[PDB]
Amino acid sequence: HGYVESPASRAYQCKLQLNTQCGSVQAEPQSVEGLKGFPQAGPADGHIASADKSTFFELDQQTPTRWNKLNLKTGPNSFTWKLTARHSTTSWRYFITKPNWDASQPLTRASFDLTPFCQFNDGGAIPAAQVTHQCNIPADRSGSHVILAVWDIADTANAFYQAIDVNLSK
């Protein structure tokens, strides 16, 4: 159990009062948990942001101005997870929407470049309460986008999904 606290994920902003109308998730942004194996398996299209968790379906809403977006530059960035429960870990992966993705429709695999721009494999080790990954956001991405940070658990069938709303510039 954990969430991306910086840049504050969609789910987490829901608790800080930076995002509203989220529902249950604002009570526990660290529990956006669903099946692992994305993108081959995992959350069904249209329910990726909520990890296909019915009680978190508010997260699946998608319109050009629905979510509060953070302003970031392409290139080097730092993503920090805050874990409320530390489990044996297989990997951490970050995906970003393709250029020209439809920001007026619910997220689907067709919305994302299915190859993560970066991946960290922990060999099953249990992570510290704070985890920070540094990756380069693709330079060909500008304007409104969604970065999906996925945490795959090694000893269970699940993963945690953290959608992050962003507005990119050079």
# chains A, B, ... in the order shown; residues from 1 in each chain; ligands from 1
>>> residues_around(residues="segment 65-78 of chain A", least_positions_apart="4", cutoff="12 Å", atoms="only C-alpha atoms", output="PyMOL selection string")
chain A and resi 4-14+16-22+58-61+94+96+103-106+117-118+131-147+149+163-170
>>> write_last_selection(atoms="C-alpha atoms", output="mmCIF file, in the first residue's frame")
data_model
loop_
_atom_site.group_PDB
_atom_site.id
_atom_site.type_symbol
_atom_site.label_atom_id
_atom_site.label_comp_id
_atom_site.auth_asym_id
_atom_site.auth_seq_id
_atom_site.Cartn_x
_atom_site.Cartn_y
_atom_site.Cartn_z
ATOM 1 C CA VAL A 4 3.035 8.704 -5.400
ATOM 2 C CA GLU A 5 3.319 11.771 -3.172
ATOM 3 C CA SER A 6 5.617 13.810 -5.425
ATOM 4 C CA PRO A 7 4.618 14.740 -8.010
ATOM 5 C CA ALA A 8 1.343 14.268 -6.110
ATOM 6 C CA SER A 9 -0.750 11.609 -7.817
ATOM 7 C CA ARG A 10 -4.351 12.174 -8.781
ATOM 8 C CA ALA A 11 -5.523 9.965 -5.911
ATOM 9 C CA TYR A 12 -3.358 11.711 -3.324
ATOM 10 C CA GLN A 13 -4.345 15.224 -4.380
ATOM 11 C CA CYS A 14 -7.857 14.014 -3.626
ATOM 12 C CA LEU A 16 -4.858 17.033 0.208
ATOM 13 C CA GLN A 17 -7.903 18.879 -1.135
ATOM 14 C CA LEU A 18 -6.185 19.689 -4.450
ATOM 15 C CA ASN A 19 -8.628 17.433 -6.294
ATOM 16 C CA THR A 20 -12.276 17.042 -5.269
ATOM 17 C CA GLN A 21 -15.289 14.874 -6.144
ATOM 18 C CA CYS A 22 -13.098 11.770 -5.842
ATOM 19 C CA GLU A 58 -14.518 8.137 -9.823
ATOM 20 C CA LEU A 59 -10.835 8.068 -10.745
ATOM 21 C CA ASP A 60 -11.773 6.684 -14.159
ATOM 22 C CA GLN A 61 -13.482 9.911 -15.200
ATOM 23 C CA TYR A 94 6.320 4.471 -15.257
ATOM 24 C CA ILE A 96 3.062 8.021 -20.099
ATOM 25 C CA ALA A 103 -8.039 13.459 -22.993
ATOM 26 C CA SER A 104 -11.838 13.409 -23.309
ATOM 27 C CA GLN A 105 -12.152 9.631 -23.021
ATOM 28 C CA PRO A 106 -11.491 7.161 -20.180
ATOM 29 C CA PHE A 117 9.898 4.948 -20.082
ATOM 30 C CA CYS A 118 11.667 3.536 -17.046
ATOM 31 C CA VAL A 131 11.107 5.305 -2.613
ATOM 32 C CA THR A 132 12.357 7.802 -5.184
ATOM 33 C CA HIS A 133 12.904 7.106 -8.871
ATOM 34 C CA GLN A 134 14.561 9.433 -11.328
ATOM 35 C CA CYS A 135 13.627 9.157 -14.982
ATOM 36 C CA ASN A 136 13.483 11.284 -18.109
ATOM 37 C CA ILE A 137 9.993 12.154 -19.309
ATOM 38 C CA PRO A 138 10.069 11.761 -23.128
ATOM 39 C CA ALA A 139 10.889 15.058 -24.845
ATOM 40 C CA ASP A 140 8.246 14.453 -27.522
ATOM 41 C CA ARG A 141 5.483 14.870 -24.935
ATOM 42 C CA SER A 142 3.944 18.327 -24.489
ATOM 43 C CA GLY A 143 0.815 19.731 -22.912
ATOM 44 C CA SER A 144 -1.737 17.599 -21.077
ATOM 45 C CA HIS A 145 -0.723 14.026 -20.259
ATOM 46 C CA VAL A 146 -1.124 11.246 -17.714
ATOM 47 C CA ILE A 147 1.816 9.353 -16.210
ATOM 48 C CA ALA A 149 3.222 4.678 -12.004
ATOM 49 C CA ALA A 163 -2.249 8.008 -12.258
ATOM 50 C CA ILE A 164 -0.578 11.443 -12.234
ATOM 51 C CA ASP A 165 -2.019 14.361 -14.196
ATOM 52 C CA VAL A 166 0.534 16.634 -15.812
ATOM 53 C CA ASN A 167 1.078 19.549 -18.194
ATOM 54 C CA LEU A 168 4.453 19.329 -19.915
ATOM 55 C CA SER A 169 6.734 21.903 -21.531
ATOM 56 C CA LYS A 170 10.385 21.913 -22.618
#
>>> residues_around(residues="residue 30 of chain A", least_positions_apart="3", cutoff="8 Å", atoms="only C-alpha atoms", output="PyMOL selection string")
chain A and resi 1-3+12+83-84
>>> residues_around(residues="residue 154 of chain A", least_positions_apart="4", cutoff="7 Å", atoms="only C-alpha atoms", output="list in words")
residues 88, 89, 90 and 124 of chain A
>>> select_by_dssp(residues="segment 112-164 of chain A", states="strand (DSSP E)", output="JSON, numbers by chain")
{"A": [118, 119, 120, 121, 130, 131, 132, 133, 134, 135, 136, 137, 143, 144, 145, 146, 147, 148, 149, 150, 151, 152, 153, 158, 159, 160, 161, 162, 163, 164]}
>>> write_last_selection(atoms="N, CA, C and O atoms", output="compact mmCIF listing (two decimals), in the first residue's frame")
# COMPACT_ATOMS: atom_id res chain seq x y z
N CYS A 118 10.66 4.01 -17.98
CA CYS A 118 11.67 3.54 -17.05
C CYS A 118 11.07 2.47 -16.16
O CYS A 118 9.86 2.44 -15.92
N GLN A 119 11.93 1.57 -15.69
CA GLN A 119 11.50 0.46 -14.87
C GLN A 119 12.61 0.11 -13.88
O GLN A 119 13.79 0.12 -14.23
N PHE A 120 12.22 -0.19 -12.65
CA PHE A 120 13.21 -0.55 -11.64
C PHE A 120 12.76 -1.90 -11.10
O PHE A 120 11.62 -2.04 -10.67
N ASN A 121 13.65 -2.88 -11.15
CA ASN A 121 13.35 -4.23 -10.69
C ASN A 121 14.08 -4.48 -9.39
O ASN A 121 15.31 -4.41 -9.33
N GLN A 130 9.99 5.07 1.94
CA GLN A 130 10.06 6.13 0.94
C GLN A 130 10.90 5.61 -0.22
O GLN A 130 12.00 5.08 -0.01
N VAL A 131 10.39 5.77 -1.43
CA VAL A 131 11.11 5.31 -2.61
C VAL A 131 11.10 6.40 -3.66
O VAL A 131 10.04 6.92 -4.00
N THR A 132 12.27 6.76 -4.17
CA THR A 132 12.36 7.80 -5.18
C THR A 132 13.05 7.32 -6.45
O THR A 132 14.17 6.78 -6.41
N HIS A 133 12.38 7.51 -7.57
CA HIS A 133 12.90 7.11 -8.87
C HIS A 133 13.13 8.32 -9.74
O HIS A 133 12.30 9.22 -9.79
N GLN A 134 14.25 8.32 -10.45
CA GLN A 134 14.56 9.43 -11.33
C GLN A 134 14.58 8.93 -12.75
O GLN A 134 15.33 8.01 -13.07
N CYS A 135 13.75 9.54 -13.58
CA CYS A 135 13.63 9.16 -14.98
C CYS A 135 13.46 10.39 -15.84
O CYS A 135 13.15 11.47 -15.34
N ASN A 136 13.63 10.21 -17.14
CA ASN A 136 13.48 11.28 -18.11
C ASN A 136 12.13 11.17 -18.78
O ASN A 136 11.84 10.17 -19.43
N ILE A 137 11.28 12.18 -18.64
CA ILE A 137 9.99 12.15 -19.31
C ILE A 137 10.35 12.39 -20.78
O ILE A 137 11.17 13.25 -21.10
N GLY A 143 2.19 19.48 -23.29
CA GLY A 143 0.82 19.73 -22.91
C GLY A 143 0.27 18.70 -21.95
O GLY A 143 1.03 18.05 -21.22
N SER A 144 -1.04 18.53 -21.97
CA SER A 144 -1.74 17.60 -21.08
C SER A 144 -1.45 16.11 -21.29
O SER A 144 -1.64 15.57 -22.38
N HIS A 145 -1.03 15.45 -20.22
CA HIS A 145 -0.72 14.03 -20.26
C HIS A 145 -1.00 13.35 -18.92
O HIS A 145 -1.28 14.01 -17.92
N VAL A 146 -0.93 12.02 -18.93
CA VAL A 146 -1.12 11.25 -17.71
C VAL A 146 0.01 10.24 -17.59
O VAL A 146 0.25 9.46 -18.51
N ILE A 147 0.72 10.28 -16.47
CA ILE A 147 1.82 9.35 -16.21
C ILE A 147 1.23 8.28 -15.29
O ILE A 147 0.57 8.61 -14.31
N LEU A 148 1.44 7.01 -15.62
CA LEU A 148 0.92 5.93 -14.77
C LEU A 148 2.10 5.24 -14.09
O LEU A 148 2.95 4.65 -14.75
N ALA A 149 2.16 5.32 -12.77
CA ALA A 149 3.22 4.68 -12.00
C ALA A 149 2.62 3.38 -11.46
O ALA A 149 1.61 3.41 -10.77
N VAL A 150 3.25 2.26 -11.79
CA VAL A 150 2.76 0.95 -11.37
C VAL A 150 3.76 0.24 -10.46
O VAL A 150 4.96 0.24 -10.72
N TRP A 151 3.25 -0.33 -9.37
CA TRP A 151 4.06 -1.04 -8.39
C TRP A 151 3.57 -2.48 -8.40
O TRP A 151 2.45 -2.74 -7.98
N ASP A 152 4.40 -3.40 -8.91
CA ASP A 152 4.05 -4.82 -8.99
C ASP A 152 4.55 -5.57 -7.76
O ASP A 152 5.76 -5.56 -7.48
N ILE A 153 3.64 -6.22 -7.05
CA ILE A 153 3.98 -6.97 -5.84
C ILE A 153 4.40 -8.39 -6.23
O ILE A 153 3.75 -9.04 -7.04
N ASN A 158 -1.45 -8.89 -7.16
CA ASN A 158 -1.76 -7.49 -7.40
C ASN A 158 -0.64 -6.48 -7.65
O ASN A 158 0.55 -6.79 -7.57
N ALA A 159 -1.08 -5.26 -7.95
CA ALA A 159 -0.20 -4.14 -8.20
C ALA A 159 -0.96 -2.88 -7.80
O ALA A 159 -2.19 -2.89 -7.68
N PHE A 160 -0.24 -1.79 -7.56
CA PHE A 160 -0.88 -0.53 -7.20
C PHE A 160 -0.71 0.40 -8.37
O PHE A 160 0.37 0.49 -8.95
N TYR A 161 -1.79 1.10 -8.71
CA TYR A 161 -1.80 2.01 -9.84
C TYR A 161 -1.98 3.46 -9.44
O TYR A 161 -2.97 3.83 -8.81
N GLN A 162 -1.03 4.30 -9.84
CA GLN A 162 -1.06 5.70 -9.50
C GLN A 162 -1.02 6.63 -10.70
O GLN A 162 0.05 6.92 -11.23
N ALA A 163 -2.19 7.08 -11.14
CA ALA A 163 -2.25 8.01 -12.26
C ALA A 163 -1.82 9.39 -11.76
O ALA A 163 -2.14 9.78 -10.63
N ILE A 164 -1.07 10.11 -12.58
CA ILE A 164 -0.58 11.44 -12.23
C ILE A 164 -0.91 12.35 -13.41
O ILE A 164 -0.53 12.06 -14.54
>>> select_by_dssp(residues="chain A", states="alpha helix (DSSP H)", output="PDB file with C-alpha atoms, in the first residue's frame")
ATOM      1  CA  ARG A  10      -4.351  12.174  -8.781  1.00  0.00           C
ATOM      2  CA  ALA A  11      -5.523   9.965  -5.911  1.00  0.00           C
ATOM      3  CA  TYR A  12      -3.358  11.711  -3.324  1.00  0.00           C
ATOM      4  CA  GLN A  13      -4.345  15.224  -4.380  1.00  0.00           C
ATOM      5  CA  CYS A  14      -7.857  14.014  -3.626  1.00  0.00           C
ATOM      6  CA  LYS A  15      -6.904  13.827   0.046  1.00  0.00           C
ATOM      7  CA  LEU A  16      -4.858  17.033   0.208  1.00  0.00           C
TER       8      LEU A  16
END
>>> closest_residue(among="A:99, A:29, A:23, A:34", to="residue 52 of chain A", atoms="only C-alpha atoms")
A:34
>>> closest_residue(among="A:157, A:55, A:45, A:82", to="residue 112 of chain A", atoms="only C-alpha atoms")
A:45
>>> atom_distance(atom1="atom CA of residue 62 of chain A", atom2="atom CA of residue 85 of chain A")
29.0 Å
>>> closest_residue(among="A:129, A:31, A:25, A:114", to="residue 80 of chain A", atoms="only C-alpha atoms")
A:129
>>> atom_distance(atom1="atom CA of residue 26 of chain A", atom2="atom CA of residue 91 of chain A")
25.4 Å
>>> atom_distance(atom1="atom CA of residue 116 of chain A", atom2="atom CA of residue 93 of chain A")
5.9 Å
>>> decode(residues="segment 37-74 of chain A", atoms="N, CA and C atoms", output="tab-separated table (two decimals), in the first residue's frame")
chain	number	residue	atom	x	y	z
A	37	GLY	N	0.40	-7.56	-13.81
A	37	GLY	CA	0.50	-8.12	-15.15
A	37	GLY	C	0.16	-7.13	-16.24
A	38	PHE	N	0.00	-5.86	-15.88
A	38	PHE	CA	-0.31	-4.81	-16.85
A	38	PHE	C	0.90	-4.74	-17.78
A	39	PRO	N	0.69	-4.51	-19.09
A	39	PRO	CA	-0.58	-4.30	-19.79
A	39	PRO	C	-1.21	-5.56	-20.39
A	40	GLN	N	-0.47	-6.67	-20.38
A	40	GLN	CA	-0.99	-7.93	-20.93
A	40	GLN	C	-2.28	-8.30	-20.22
A	41	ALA	N	-2.28	-8.13	-18.90
A	41	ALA	CA	-3.46	-8.41	-18.09
A	41	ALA	C	-3.66	-7.17	-17.25
A	42	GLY	N	-4.19	-7.34	-16.04
A	42	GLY	CA	-4.39	-6.20	-15.17
A	42	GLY	C	-5.74	-5.51	-15.34
A	43	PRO	N	-5.87	-4.26	-14.86
A	43	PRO	CA	-7.12	-3.49	-14.95
A	43	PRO	C	-7.66	-3.39	-16.37
A	44	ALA	N	-8.96	-3.61	-16.51
A	44	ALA	CA	-9.60	-3.54	-17.82
A	44	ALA	C	-9.55	-2.11	-18.34
A	45	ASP	N	-9.51	-1.96	-19.66
A	45	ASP	CA	-9.49	-0.62	-20.25
A	45	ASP	C	-10.66	0.16	-19.66
A	46	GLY	N	-10.48	1.47	-19.51
A	46	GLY	CA	-11.53	2.30	-18.96
A	46	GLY	C	-11.53	2.35	-17.44
A	47	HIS	N	-10.77	1.46	-16.81
A	47	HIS	CA	-10.70	1.40	-15.35
A	47	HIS	C	-9.26	1.25	-14.88
A	48	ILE	N	-8.33	1.79	-15.66
A	48	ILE	CA	-6.92	1.70	-15.31
A	48	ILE	C	-6.56	2.57	-14.11
A	49	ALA	N	-7.02	3.82	-14.11
A	49	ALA	CA	-6.72	4.74	-13.02
A	49	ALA	C	-7.24	4.29	-11.65
A	50	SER	N	-8.30	3.49	-11.64
A	50	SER	CA	-8.88	3.01	-10.39
A	50	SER	C	-8.45	1.58	-10.10
A	51	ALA	N	-7.61	1.03	-10.96
A	51	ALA	CA	-7.14	-0.34	-10.79
A	51	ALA	C	-8.32	-1.30	-10.85
A	52	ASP	N	-9.33	-0.93	-11.64
A	52	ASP	CA	-10.53	-1.75	-11.82
A	52	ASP	C	-11.21	-2.02	-10.49
A	53	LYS	N	-11.13	-1.05	-9.58
A	53	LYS	CA	-11.74	-1.16	-8.26
A	53	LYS	C	-13.01	-0.31	-8.24
A	54	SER	N	-14.17	-0.97	-8.34
A	54	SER	CA	-15.48	-0.31	-8.36
A	54	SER	C	-15.68	0.89	-7.45
A	55	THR	N	-15.21	0.77	-6.22
A	55	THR	CA	-15.35	1.84	-5.24
A	55	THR	C	-14.46	3.05	-5.54
A	56	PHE	N	-13.57	2.90	-6.51
A	56	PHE	CA	-12.65	3.97	-6.88
A	56	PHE	C	-12.91	4.45	-8.31
A	57	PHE	N	-14.01	3.99	-8.90
A	57	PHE	CA	-14.32	4.36	-10.27
A	57	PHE	C	-14.38	5.85	-10.58
A	58	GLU	N	-14.49	6.70	-9.56
A	58	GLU	CA	-14.52	8.14	-9.82
A	58	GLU	C	-13.22	8.50	-10.54
A	59	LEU	N	-12.14	7.82	-10.15
A	59	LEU	CA	-10.83	8.07	-10.75
A	59	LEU	C	-10.81	7.82	-12.25
A	60	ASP	N	-11.73	6.99	-12.74
A	60	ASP	CA	-11.77	6.68	-14.16
A	60	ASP	C	-12.34	7.80	-15.03
A	61	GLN	N	-12.94	8.81	-14.42
A	61	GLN	CA	-13.48	9.91	-15.20
A	61	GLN	C	-12.34	10.58	-15.94
A	62	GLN	N	-12.60	11.00	-17.17
A	62	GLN	CA	-11.57	11.66	-17.96
A	62	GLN	C	-12.11	12.69	-18.94
A	63	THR	N	-11.76	13.94	-18.69
A	63	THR	CA	-12.14	15.06	-19.55
A	63	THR	C	-10.94	15.99	-19.53
A	64	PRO	N	-10.84	16.88	-20.52
A	64	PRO	CA	-9.72	17.81	-20.59
A	64	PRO	C	-9.41	18.63	-19.34
A	65	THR	N	-10.44	18.97	-18.56
A	65	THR	CA	-10.23	19.78	-17.37
A	65	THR	C	-10.64	19.11	-16.06
A	66	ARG	N	-11.03	17.84	-16.14
A	66	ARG	CA	-11.45	17.10	-14.96
A	66	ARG	C	-10.48	17.19	-13.79
A	67	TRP	N	-9.23	16.78	-14.02
A	67	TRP	CA	-8.22	16.75	-12.97
A	67	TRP	C	-7.25	17.91	-12.86
A	68	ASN	N	-6.79	18.17	-11.64
A	68	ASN	CA	-5.82	19.22	-11.38
A	68	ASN	C	-4.47	18.71	-11.88
A	69	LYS	N	-3.83	19.48	-12.75
A	69	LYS	CA	-2.56	19.08	-13.33
A	69	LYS	C	-1.36	19.82	-12.77
A	70	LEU	N	-0.24	19.11	-12.61
A	70	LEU	CA	0.99	19.72	-12.12
A	70	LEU	C	1.79	20.12	-13.35
A	71	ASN	N	2.59	21.18	-13.23
A	71	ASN	CA	3.41	21.63	-14.35
A	71	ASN	C	4.84	21.10	-14.22
A	72	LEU	N	5.26	20.30	-15.19
A	72	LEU	CA	6.60	19.72	-15.19
A	72	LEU	C	7.26	19.93	-16.54
A	73	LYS	N	8.58	19.84	-16.57
A	73	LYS	CA	9.34	19.98	-17.80
A	73	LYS	C	9.69	18.57	-18.23
A	74	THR	N	9.84	18.35	-19.53
A	74	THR	CA	10.21	17.02	-19.99
A	74	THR	C	11.66	16.86	-19.55
